[PDB]
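J.: Could you have a look at this structure, given as structure tokens, before my questions?
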Amino acid sequence: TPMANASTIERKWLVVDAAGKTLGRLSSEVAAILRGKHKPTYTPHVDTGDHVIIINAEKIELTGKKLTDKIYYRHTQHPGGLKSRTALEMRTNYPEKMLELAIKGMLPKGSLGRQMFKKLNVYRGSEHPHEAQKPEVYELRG
Amino acid sequence: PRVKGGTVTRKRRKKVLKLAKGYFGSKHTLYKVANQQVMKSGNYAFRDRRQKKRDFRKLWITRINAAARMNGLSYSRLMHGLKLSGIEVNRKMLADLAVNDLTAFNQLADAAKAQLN
Amino acid sequence: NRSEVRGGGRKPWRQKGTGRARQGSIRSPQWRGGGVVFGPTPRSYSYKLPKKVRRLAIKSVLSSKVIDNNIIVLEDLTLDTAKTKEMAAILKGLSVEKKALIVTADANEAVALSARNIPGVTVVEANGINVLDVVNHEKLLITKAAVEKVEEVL
Amino acid sequence: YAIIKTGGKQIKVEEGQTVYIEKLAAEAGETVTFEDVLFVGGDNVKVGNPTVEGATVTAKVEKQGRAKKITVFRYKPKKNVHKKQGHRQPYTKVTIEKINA
Amino acid sequence: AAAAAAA
Amino acid sequence: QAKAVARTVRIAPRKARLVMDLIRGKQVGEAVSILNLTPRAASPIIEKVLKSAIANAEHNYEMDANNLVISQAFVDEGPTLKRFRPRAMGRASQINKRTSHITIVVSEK
Amino acid sequence: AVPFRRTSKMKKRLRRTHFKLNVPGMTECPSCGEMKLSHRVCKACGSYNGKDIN
RNA sequence: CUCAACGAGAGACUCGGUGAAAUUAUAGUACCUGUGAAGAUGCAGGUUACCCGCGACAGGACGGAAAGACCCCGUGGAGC
RNA sequence: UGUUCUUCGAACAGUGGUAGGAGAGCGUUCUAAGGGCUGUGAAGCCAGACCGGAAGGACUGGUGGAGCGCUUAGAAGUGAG
RNA sequence: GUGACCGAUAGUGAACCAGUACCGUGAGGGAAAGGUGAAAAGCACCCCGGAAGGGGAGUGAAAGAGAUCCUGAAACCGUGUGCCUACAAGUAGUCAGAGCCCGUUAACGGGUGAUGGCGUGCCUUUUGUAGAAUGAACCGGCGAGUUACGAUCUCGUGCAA
């Protein structure tokens, strides 16, 4: 009886700037955008969410002493395979997969989660190659 | 006298196997796993007939929250406004169909705006 | 029964060591050799009601046949020959088409040898009356001597 | 369109649309009316102080019938507890016309 | 004892 | 359409399907020559059934055998002969002498 | 060395995917045919490029 | 053995013919950390993983094979 | 289902459940009563999207080629994971 | 001569060359195995094939009735077809659910289902089992509260100190 969209979803493109916000508070909003929680036509099994582009990923910041205390782990399937780096080294070299690990942590787990991860595009600032899609600038709610 | 009882057993087995049609592998073929799958499906059917009544409600709450946040209010403020701006008992999936029939939802949202201040 | 089947008393295999069931007898009830612990047994189904119930039963079934107007009274049952054609003509003349009783006090041989080839007609003596023949045939042909016998007998 | 509650549940109906509601008797074949109409629509009239006067919605009853049969089987997964029960939910099918404001 | 001497 | 059935000849069905899955759907002129060269010794039996089907098409219906094609090539199982092989320590293992029904149906293309 | 569970029908059919055998390298015999497998003497005519050598 | 390296034959490998057995609740049958009848392929959270085979190893499936032989109980038995 | 009123019936209350106790029923074989289907096709088998609160029951189409069902009772070699 | 006795896993072990085959030195133990059609009228004749076995043609009411031969279920093995499957970690179901393919005992239709939510088989024994505690490879048949004589209680019927 209620509406449930399928193959009629219109997906927009959004640009999110990460110059002054946390890792962090923006990542939950980006995950909610990718899920489609901002649209009234949300249906939980058809991925009504839309594309988002994040620029200035190197300008991200995070409060406290997390630059030296937050540790990322990438354990292999080999014994003694625990490899670790700090948040400063992960931000300094390539913070793109920092942001994608944040979004992947806040996205749901499943086939739709891997599908909604594909709409995310994180780039080192401040230009993106998606000008042909004509993305609009999105301002964060807070 | 002697009772053989040959046909009613096979009638029961075929009723169970026809109830278990479409199942994977031997569960639509062998009786002794089909009966277990049918009983488990009965429990699952009762449980999910209970659960559909509330996950539909949470989907409608999500859609009303999205439509209200388009208009500057959260869900809780919108529902508090609907209980304050008269005793209107307008149910939530009719409120979700009201955004399929926009802008009727915006008028009720403005009615919520009017007496929250 | 399990003891009466033609079978040996040995066990087919030993108790432990083999990965099979125990199976102490060659023909246990779960075997193919049979099979029944209880079964049917030869017994008598006879029992006796008290005598007042018997007299009340026969008198009540006679009264229930009287109030249904199925009783026909024929004095002395005069039959000249032993032919069953005459008895069939007698039954036709009294409009009897279904089953019937013939109650005879003195047990005449001409009545007895006749009407036993007709499948629905049973000739019975006056003291040989019973519940089943009265409830079964739903019409009785009774002589005046048989009534004047069963009134003082029962 | 109008907002109708007669279940007791709220339904959204059009003109000439056949809907299924709970088994109210209605002496089938006879016109039934709804009197607790909210949010009359069309001109987008707000609802407040509910069951407003002038909100009358009539309908035509065609069938008193049975739903598809549900076999409600529940068993506890131990303890030899079995419970089998069929269900046959009655309904009323109406055709709604002449929405009044 | 728990001697593994199964035959 | 012509049909030839082998009906209880001594060959296991799983070994016959290994030839019948590839002989199915081909033209009959490109089907005997497949059977001659495989070798897979159920294939002379499949050849006998195939020539029987082609001869049934030629003699009983006159279907111009150069235009024929194999339509149905299913293999069924016949009755199994039960044999027992003695093993170590008195085990008496069972041996199944499998039997198959070879059926070949030919028709037009 | 003992199977814990029986193999289902679908797993058995998936294992029997590669059990099939291929069509041999059979070609037209230039003398008579038909047909003749490559790099072998024809069994029908007994010829090979192109003398009757049997 | 330090300390193992070649060579010969049979099996193992490939092809043709024939062709079993123990076992088996169904099975689309990953890993880590916990939880749980206190030691998880199936539970929770996370991390990984295209589909189907062939040749090998044996860590797990508290693997299979024998209603534990040890210990205890039976108002069981047998031998001395 | 239980209580009250009893003006077709209505109102109110209750209805998770092991061991166990109580009650009401569905099926199988045979027999007694009548009545009735059958080669213009019985039992059985196979399929269906039908009906009943359940055990269960009907109706169609195919196979089959000779018995079966209904009723009110009564007995049991009375229902299988 | 009769069964509110059995009907081929039943009834004698044995409805059939049965105390037979087979096993054991011996005493002894001890099976499995019925059904063409009313009438063999048991497929003359042709073709493939060495034969077996088929396809026609005949007999027959039926040949899918053709020698373990009435009917012929399920496990099991296959051949086609409609819909889904090569980024997916699943007691295999259930609820929601688009797409595609069909039309029913026309009924809020049937089949398949991308995707989401929930969800650790059945039984036994236990304080507690998804249990890494037990049992079952699967399917079909058989397989356990009966009967005789007494006693007690409830209900019913008959006659009532």
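Chains: A, B, ... in order of the structure tokens. Residues: from 1 per chain. Ligands: from 1, in order shown.
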Distance limit 6 Å, atoms considered: only C-alpha atoms. Which chain B residues sit that close to chain D? Return them as an mmCIF file with N, CA and C atoms, in the first residue's frame.
T.:
data_model
loop_
_atom_site.group_PDB
_atom_site.id
_atom_site.type_symbol
_atom_site.label_atom_id
_atom_site.label_comp_id
_atom_site.auth_asym_id
_atom_site.auth_seq_id
_atom_site.Cartn_x
_atom_site.Cartn_y
_atom_site.Cartn_z
ATOM 1 N N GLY B 42 6.415 -22.168 10.265
ATOM 2 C CA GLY B 42 5.248 -21.722 11.015
ATOM 3 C C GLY B 42 5.608 -20.786 12.156
ATOM 4 N N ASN B 43 6.662 -21.135 12.910
ATOM 5 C CA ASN B 43 7.156 -20.225 13.950
ATOM 6 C C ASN B 43 7.648 -18.907 13.362
ATOM 7 N N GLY B 86 -4.272 20.982 18.033
ATOM 8 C CA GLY B 86 -5.460 20.155 18.030
ATOM 9 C C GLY B 86 -5.152 18.706 18.344
ATOM 10 N N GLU B 88 -5.187 15.863 16.628
ATOM 11 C CA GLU B 88 -5.302 15.227 15.319
ATOM 12 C C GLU B 88 -4.598 13.876 15.386
#
J.: DSSP on the backbone, then: every residue of chain B marked alpha helix (DSSP H), written as a ChimeraX atom specification.
T.: /B:7-19,31-70,75-84,92-97,104-114
J.: Residues of chain C in strand (DSSP E) according to DSSP, as a ChimeraX atom specification?
T.: /C:71-73,100-104,121-125,140-142
J.: Dump N, CA, C and O atoms for the selected residues as a CSV table (one decimal), in the first residue's frame?
T.:
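Ended up saving to part_6.csv:
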chain,number,residue,atom,x,y,z
C,71,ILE,N,-48.3,-55.1,13.2
C,71,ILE,CA,-48.7,-56.4,13.6
C,71,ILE,C,-49.9,-56.9,12.8
C,71,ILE,O,-50.9,-56.2,12.7
C,72,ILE,N,-49.8,-58.1,12.3
C,72,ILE,CA,-50.9,-58.7,11.6
C,72,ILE,C,-51.2,-60.0,12.2
C,72,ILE,O,-50.3,-60.8,12.5
C,73,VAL,N,-52.5,-60.3,12.5
C,73,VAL,CA,-53.0,-61.4,13.3
C,73,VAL,C,-53.7,-62.3,12.3
C,73,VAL,O,-54.7,-61.9,11.7
C,100,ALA,N,-40.5,-59.8,6.9
C,100,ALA,CA,-41.6,-60.2,7.8
C,100,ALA,C,-41.3,-61.4,8.7
C,100,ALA,O,-40.4,-62.2,8.4
C,101,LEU,N,-42.0,-61.4,9.8
C,101,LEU,CA,-41.9,-62.6,10.7
C,101,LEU,C,-43.2,-63.4,10.6
C,101,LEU,O,-44.3,-62.9,10.3
C,102,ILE,N,-43.1,-64.7,10.8
C,102,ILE,CA,-44.2,-65.6,10.9
C,102,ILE,C,-44.1,-66.3,12.3
C,102,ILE,O,-43.2,-67.2,12.5
C,103,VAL,N,-45.0,-66.0,13.2
C,103,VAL,CA,-44.9,-66.6,14.5
C,103,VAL,C,-46.0,-67.7,14.6
C,103,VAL,O,-47.2,-67.4,14.4
C,104,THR,N,-45.6,-68.9,14.9
C,104,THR,CA,-46.5,-70.1,14.9
C,104,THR,C,-46.4,-70.8,16.3
C,104,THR,O,-45.3,-71.1,16.7
C,121,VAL,N,-38.2,-63.5,4.9
C,121,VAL,CA,-39.3,-64.1,5.8
C,121,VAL,C,-38.6,-65.2,6.6
C,121,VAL,O,-37.9,-66.1,6.1
C,122,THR,N,-38.8,-65.1,7.9
C,122,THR,CA,-38.2,-66.0,8.9
C,122,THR,C,-39.4,-66.6,9.7
C,122,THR,O,-40.1,-65.8,10.4
C,123,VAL,N,-39.6,-67.9,9.7
C,123,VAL,CA,-40.6,-68.5,10.5
C,123,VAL,C,-40.0,-68.9,11.8
C,123,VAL,O,-39.0,-69.6,11.9
C,124,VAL,N,-40.7,-68.5,12.9
C,124,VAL,CA,-40.2,-68.7,14.3
C,124,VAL,C,-41.3,-69.3,15.1
C,124,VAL,O,-42.5,-69.1,14.9
C,125,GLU,N,-40.9,-70.1,16.2
C,125,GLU,CA,-41.8,-70.6,17.1
C,125,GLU,C,-42.3,-69.5,18.1
C,125,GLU,O,-41.8,-68.4,18.1
C,140,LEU,N,-44.6,-58.5,11.8
C,140,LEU,CA,-44.7,-59.8,12.2
C,140,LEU,C,-46.1,-60.3,11.9
C,140,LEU,O,-47.1,-59.6,12.1
C,141,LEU,N,-46.2,-61.6,11.5
C,141,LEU,CA,-47.5,-62.3,11.3
C,141,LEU,C,-47.6,-63.3,12.4
C,141,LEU,O,-46.9,-64.4,12.4
C,142,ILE,N,-48.5,-63.1,13.4
C,142,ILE,CA,-48.6,-63.9,14.6
C,142,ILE,C,-50.0,-64.5,14.7
C,142,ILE,O,-51.0,-63.8,14.4
J.: May I have the residues within 8 Å of residue 31 of chain G as a count of residues only, using only C-alpha atoms (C1' of nucleotides) and disregarding those fewer than 3 positions away in the same chain?
T.: 3
J.: Compile the contact shell of residue 95 of chain B as a ChimeraX atom specification: residues with an atom at most 10 Å away, counting only C-alpha atoms (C1' of nucleotides), same-chain residues fewer than 5 positions apart removed.
T.: /B:60-61,63-64,67,90,100-101,104-105,108 /D:12
J.: Just to confirm, what's the straight-line distance from atom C1' of residue 136 of chain J to atom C1' of residue 81 of chain I in Å (one decimal)?
T.: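 Answer for the atom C1' of residue 136 of chain J to atom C1' of residue 81 of chain I separation: 8.7 Å.
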J.: Can you pull out every residue within 12 Å of residue 31 of chain I, counting only C-alpha atoms (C1' of nucleotides), but drop anything in the same chain fewer than 5 positions away, and send it as a PDB file with N, CA, C and O atoms (P, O5', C5', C4', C3', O3' and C1' of nucleotides), in the first residue's frame?
T.:
ATOM      1  N   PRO B   1     -10.398 -57.578  14.156  1.00  0.00           N
ATOM      2  CA  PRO B   1      -9.843 -57.622  12.802  1.00  0.00           C
ATOM      3  C   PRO B   1      -8.511 -56.885  12.667  1.00  0.00           C
ATOM      4  O   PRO B   1      -8.127 -56.134  13.564  1.00  0.00           O
TER       5      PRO B   1
ATOM      6  P     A I  73     -24.793 -42.556  16.841  1.00  0.00           P
ATOM      7  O5'   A I  73     -24.843 -43.989  17.534  1.00  0.00           O
ATOM      8  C5'   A I  73     -23.921 -45.024  17.146  1.00  0.00           C
ATOM      9  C4'   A I  73     -24.455 -46.372  17.554  1.00  0.00           C
ATOM     10  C3'   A I  73     -23.400 -47.397  17.968  1.00  0.00           C
ATOM     11  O3'   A I  73     -23.227 -47.372  19.380  1.00  0.00           O
ATOM     12  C1'   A I  73     -24.632 -48.244  16.153  1.00  0.00           C
ATOM     13  P     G I  74     -21.758 -47.282  20.025  1.00  0.00           P
ATOM     14  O5'   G I  74     -21.285 -48.798  20.041  1.00  0.00           O
ATOM     15  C5'   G I  74     -22.206 -49.831  20.347  1.00  0.00           C
ATOM     16  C4'   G I  74     -21.794 -51.136  19.722  1.00  0.00           C
ATOM     17  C3'   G I  74     -20.339 -51.513  19.918  1.00  0.00           C
ATOM     18  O3'   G I  74     -20.115 -52.101  21.185  1.00  0.00           O
ATOM     19  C1'   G I  74     -20.970 -51.864  17.657  1.00  0.00           C
ATOM     20  P     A I  75     -18.657 -52.067  21.846  1.00  0.00           P
ATOM     21  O5'   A I  75     -18.021 -53.451  21.396  1.00  0.00           O
ATOM     22  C5'   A I  75     -16.633 -53.687  21.542  1.00  0.00           C
ATOM     23  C4'   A I  75     -16.110 -54.574  20.444  1.00  0.00           C
ATOM     24  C3'   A I  75     -14.638 -54.403  20.122  1.00  0.00           C
ATOM     25  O3'   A I  75     -13.799 -55.100  21.023  1.00  0.00           O
ATOM     26  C1'   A I  75     -15.884 -54.420  18.116  1.00  0.00           C
ATOM     27  P     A I  76     -12.544 -54.356  21.693  1.00  0.00           P
ATOM     28  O5'   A I  76     -11.399 -54.497  20.598  1.00  0.00           O
ATOM     29  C5'   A I  76     -11.165 -55.747  19.961  1.00  0.00           C
ATOM     30  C4'   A I  76     -10.571 -55.586  18.585  1.00  0.00           C
ATOM     31  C3'   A I  76      -9.086 -55.226  18.555  1.00  0.00           C
ATOM     32  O3'   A I  76      -8.463 -55.907  17.467  1.00  0.00           O
ATOM     33  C1'   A I  76     -10.318 -53.608  17.360  1.00  0.00           C
TER      34        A I  76
ATOM     35  P     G J   3     -19.987 -67.606   8.539  1.00  0.00           P
ATOM     36  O5'   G J   3     -19.677 -66.999   9.975  1.00  0.00           O
ATOM     37  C5'   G J   3     -18.704 -65.979  10.127  1.00  0.00           C
ATOM     38  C4'   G J   3     -17.961 -66.094  11.432  1.00  0.00           C
ATOM     39  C3'   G J   3     -16.889 -65.029  11.611  1.00  0.00           C
ATOM     40  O3'   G J   3     -16.807 -64.605  12.973  1.00  0.00           O
ATOM     41  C1'   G J   3     -15.886 -67.182  11.647  1.00  0.00           C
ATOM     42  P     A J   4     -17.574 -63.279  13.487  1.00  0.00           P
ATOM     43  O5'   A J   4     -17.444 -62.194  12.314  1.00  0.00           O
ATOM     44  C5'   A J   4     -16.207 -61.564  11.992  1.00  0.00           C
ATOM     45  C4'   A J   4     -16.161 -60.108  12.371  1.00  0.00           C
ATOM     46  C3'   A J   4     -15.605 -59.798  13.747  1.00  0.00           C
ATOM     47  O3'   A J   4     -14.188 -59.850  13.778  1.00  0.00           O
ATOM     48  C1'   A J   4     -17.539 -58.490  13.337  1.00  0.00           C
TER      49        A J   4
END
J.: Can you measure atom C1' of residue 43 of chain I to atom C1' of residue 67 of chain I for me? One decimal in Å is fine.
T.: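 Atom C1' of residue 43 of chain I sits 6.4 Å away from atom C1' of residue 67 of chain I.
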J.: Would you kindly return, as an MDAnalysis selection string, each protein, DNA or RNA residue with an atom no farther than 12 Å from any atom of residue 7 of chain E, considering only C-alpha atoms (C1' of nucleotides) and excluding same-chain residues fewer than 2 positions away?
T.: (chainID C and resid 17) or (chainID E and resid 3:5) or (chainID H and resid 65:66 69)
J.: Can I get the selection written as a PDB file, in the first residue's frame, with N, CA and C atoms (P, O5', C5', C4', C3', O3' and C1' of nucleotides)?
T.:
ATOM      1  N   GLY C  17      30.272 -55.666  20.756  1.00  0.00           N
ATOM      2  CA  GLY C  17      31.374 -55.871  19.838  1.00  0.00           C
ATOM      3  C   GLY C  17      31.036 -55.511  18.409  1.00  0.00           C
TER       4      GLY C  17
ATOM      5  N   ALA E   3      44.242 -46.786  28.694  1.00  0.00           N
ATOM      6  CA  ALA E   3      45.182 -47.356  27.739  1.00  0.00           C
ATOM      7  C   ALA E   3      44.499 -47.530  26.388  1.00  0.00           C
ATOM      8  N   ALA E   4      45.074 -46.929  25.348  1.00  0.00           N
ATOM      9  CA  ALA E   4      44.524 -47.023  23.997  1.00  0.00           C
ATOM     10  C   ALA E   4      45.013 -48.321  23.369  1.00  0.00           C
ATOM     11  N   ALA E   5      44.252 -49.391  23.586  1.00  0.00           N
ATOM     12  CA  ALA E   5      44.575 -50.709  23.052  1.00  0.00           C
ATOM     13  C   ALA E   5      43.342 -51.341  22.423  1.00  0.00           C
TER      14      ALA E   5
ATOM     15  P     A H  65      31.621 -44.727  14.078  1.00  0.00           P
ATOM     16  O5'   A H  65      32.497 -46.056  14.120  1.00  0.00           O
ATOM     17  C5'   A H  65      32.583 -46.915  12.993  1.00  0.00           C
ATOM     18  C4'   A H  65      33.757 -47.853  13.108  1.00  0.00           C
ATOM     19  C3'   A H  65      33.801 -48.696  14.371  1.00  0.00           C
ATOM     20  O3'   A H  65      32.990 -49.852  14.267  1.00  0.00           O
ATOM     21  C1'   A H  65      35.925 -47.726  13.988  1.00  0.00           C
ATOM     22  P     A H  66      31.636 -49.971  15.118  1.00  0.00           P
ATOM     23  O5'   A H  66      31.930 -51.169  16.122  1.00  0.00           O
ATOM     24  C5'   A H  66      31.292 -51.227  17.384  1.00  0.00           C
ATOM     25  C4'   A H  66      32.269 -51.567  18.478  1.00  0.00           C
ATOM     26  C3'   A H  66      31.850 -51.186  19.891  1.00  0.00           C
ATOM     27  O3'   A H  66      30.999 -52.156  20.483  1.00  0.00           O
ATOM     28  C1'   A H  66      34.101 -50.528  19.501  1.00  0.00           C
ATOM     29  P     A H  69      33.946 -51.129  28.696  1.00  0.00           P
ATOM     30  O5'   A H  69      34.467 -51.142  30.200  1.00  0.00           O
ATOM     31  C5'   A H  69      34.974 -52.354  30.784  1.00  0.00           C
ATOM     32  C4'   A H  69      36.483 -52.359  30.755  1.00  0.00           C
ATOM     33  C3'   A H  69      37.162 -51.415  31.741  1.00  0.00           C
ATOM     34  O3'   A H  69      37.270 -52.054  33.005  1.00  0.00           O
ATOM     35  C1'   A H  69      38.265 -51.398  29.616  1.00  0.00           C
TER      36        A H  69
END
J.: Just the residues within 12 Å of residue 37 of chain J, please, counting only C-alpha atoms (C1' of nucleotides), with nothing from its chain fewer than 3 positions along; format it as a PyMOL selection string.
T.: chain J and resi 40-42+59-63+65-66+69-70
J.: Write out as a PyMOL selection string every residue belonging to chain A that has an atom at most 10 Å from any atom of chain J, counting only C-alpha atoms (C1' of nucleotides).
T.: chain A and resi 4-7+43-47+110-112+114
J.: Please determine the contact residues of chain E with respect to chain H at a cut-off of 8 Å, counting only C-alpha atoms (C1' of nucleotides), and supply them as JSON, numbers by chain.
T.: {"E": [1, 2, 6]}
J.: Which is closest to residue 113 of chain A among A:142, A:49, A:64, A:20, if we use only C-alpha atoms?
T.: A:49
J.: Tell me, in Å to one decimal, how far atom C1' of residue 48 of chain H is from atom CA of residue 96 of chain A.
T.: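 Computing it gives 20.5 Å between the two atoms.
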J.: For the contact check between chain I and chain B, emit one row per residue of chain I within 6 Å, containing the shortest atom pair and the distance in Å rounded to one decimal, counting only C-alpha atoms (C1' of nucleotides), chain then rising number order, as a tab-separated table.
T.:
residue	atom	partner	partner_atom	distance
I:28	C1'	B:5	CA	5.5
I:29	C1'	B:3	CA	4.5
I:30	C1'	B:1	CA	5.9
I:77	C1'	B:2	CA	4.7
J.: Since we have the selection now, will you write its residues out, keeping N, CA and C atoms (P, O5', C5', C4', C3', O3' and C1' of nucleotides), as a PDB file, in the first residue's frame?
T.:
ATOM      1  P     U I  28     -11.158 -43.193   6.945  1.00  0.00           P
ATOM      2  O5'   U I  28     -10.278 -44.455   7.346  1.00  0.00           O
ATOM      3  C5'   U I  28      -8.918 -44.548   6.951  1.00  0.00           C
ATOM      4  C4'   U I  28      -8.280 -45.797   7.497  1.00  0.00           C
ATOM      5  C3'   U I  28      -9.141 -47.046   7.437  1.00  0.00           C
ATOM      6  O3'   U I  28      -9.116 -47.667   6.165  1.00  0.00           O
ATOM      7  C1'   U I  28      -8.163 -46.857   9.584  1.00  0.00           C
ATOM      8  P     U I  29     -10.436 -48.367   5.579  1.00  0.00           P
ATOM      9  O5'   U I  29     -10.472 -49.787   6.298  1.00  0.00           O
ATOM     10  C5'   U I  29      -9.457 -50.751   6.061  1.00  0.00           C
ATOM     11  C4'   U I  29      -9.607 -51.945   6.969  1.00  0.00           C
ATOM     12  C3'   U I  29     -10.984 -52.589   6.998  1.00  0.00           C
ATOM     13  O3'   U I  29     -11.217 -53.459   5.903  1.00  0.00           O
ATOM     14  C1'   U I  29     -10.203 -52.308   9.210  1.00  0.00           C
ATOM     15  P     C I  30     -12.691 -53.592   5.278  1.00  0.00           P
ATOM     16  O5'   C I  30     -13.496 -54.449   6.352  1.00  0.00           O
ATOM     17  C5'   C I  30     -13.134 -55.794   6.629  1.00  0.00           C
ATOM     18  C4'   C I  30     -13.795 -56.302   7.885  1.00  0.00           C
ATOM     19  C3'   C I  30     -15.313 -56.274   7.904  1.00  0.00           C
ATOM     20  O3'   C I  30     -15.903 -57.352   7.199  1.00  0.00           O
ATOM     21  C1'   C I  30     -14.481 -55.433   9.953  1.00  0.00           C
ATOM     22  P     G I  77      -8.014 -57.441  17.628  1.00  0.00           P
ATOM     23  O5'   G I  77      -6.451 -57.413  17.338  1.00  0.00           O
ATOM     24  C5'   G I  77      -5.575 -56.623  18.134  1.00  0.00           C
ATOM     25  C4'   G I  77      -4.409 -56.090  17.338  1.00  0.00           C
ATOM     26  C3'   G I  77      -4.737 -54.968  16.356  1.00  0.00           C
ATOM     27  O3'   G I  77      -3.635 -54.070  16.294  1.00  0.00           O
ATOM     28  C1'   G I  77      -3.811 -56.797  15.181  1.00  0.00           C
TER      29        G I  77
END
J.: Starting from chain B, keep only residues with some atom at most 6 Å from an atom of chain J, counting only C-alpha atoms (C1' of nucleotides), and report them as a ChimeraX atom specification.
T.: /B:41,44-45,48
J.: Please, which residues in chain A fall within 7 Å of chain B when counting only C-alpha atoms, and what is the closest atom pair and distance in Å to one decimal for each, ordered by chain then residue number, as JSON lines?
T.:
{"residue": "A:2", "atom": "CA", "partner": "B:97", "partner_atom": "CA", "distance": 6.5}
{"residue": "A:37", "atom": "CA", "partner": "B:66", "partner_atom": "CA", "distance": 6.2}
{"residue": "A:38", "atom": "CA", "partner": "B:66", "partner_atom": "CA", "distance": 4.9}
{"residue": "A:39", "atom": "CA", "partner": "B:66", "partner_atom": "CA", "distance": 5.5}
{"residue": "A:40", "atom": "CA", "partner": "B:63", "partner_atom": "CA", "distance": 4.7}
{"residue": "A:41", "atom": "CA", "partner": "B:63", "partner_atom": "CA", "distance": 6.8}
{"residue": "A:42", "atom": "CA", "partner": "B:63", "partner_atom": "CA", "distance": 6.4}
J.: Select all residues from chain C having any atom no more than 9 Å from an atom of chain H (counting only C-alpha atoms (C1' of nucleotides), ignoring ligands), output as a list in words.
T.: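 Selected residues: residues 16, 17, 18 and 19 of chain C.
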J.: Find the residues of chain G in contact range of chain H, meaning any atom within 12 Å when counting only C-alpha atoms (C1' of nucleotides), and list them as a list in words.
T.: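 Every residue meeting the condition is included here: residues 1, 2, 3, 4, 5, 6, 7, 8, 9, 10, 11, 12, 13, 14, 15, 16, 17, 18, 19, 20 and 21 of chain G.
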J.: Take the residues from that selection and write them out as a short mmCIF file (atom, residue, chain, number, x, y, z; two decimals), in the first residue's frame, keeping C-alpha atoms.
T.:
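Listed below is the output, result35.cif:
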data_model
loop_
_atom_site.label_atom_id
_atom_site.label_comp_id
_atom_site.auth_asym_id
_atom_site.auth_seq_id
_atom_site.Cartn_x
_atom_site.Cartn_y
_atom_site.Cartn_z
CA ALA G 1 39.67 -40.66 6.15
CA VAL G 2 35.93 -40.94 6.82
CA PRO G 3 33.35 -38.58 5.23
CA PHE G 4 31.69 -36.53 7.97
CA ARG G 5 28.67 -35.59 5.85
CA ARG G 6 27.27 -37.01 2.64
CA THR G 7 27.79 -35.03 -0.54
CA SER G 8 24.65 -33.32 -1.77
CA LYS G 9 23.43 -33.61 -5.35
CA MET G 10 24.46 -30.07 -6.31
CA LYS G 11 28.04 -30.40 -4.99
CA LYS G 12 28.39 -33.73 -6.81
CA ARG G 13 27.15 -32.17 -10.06
CA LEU G 14 29.53 -29.23 -9.55
CA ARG G 15 32.42 -31.66 -9.10
CA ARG G 16 31.34 -33.51 -12.25
CA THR G 17 31.66 -30.31 -14.34
CA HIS G 18 35.15 -31.18 -15.62
CA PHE G 19 34.56 -34.95 -15.84
CA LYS G 20 33.41 -34.60 -19.47
CA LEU G 21 35.74 -35.55 -22.31
#
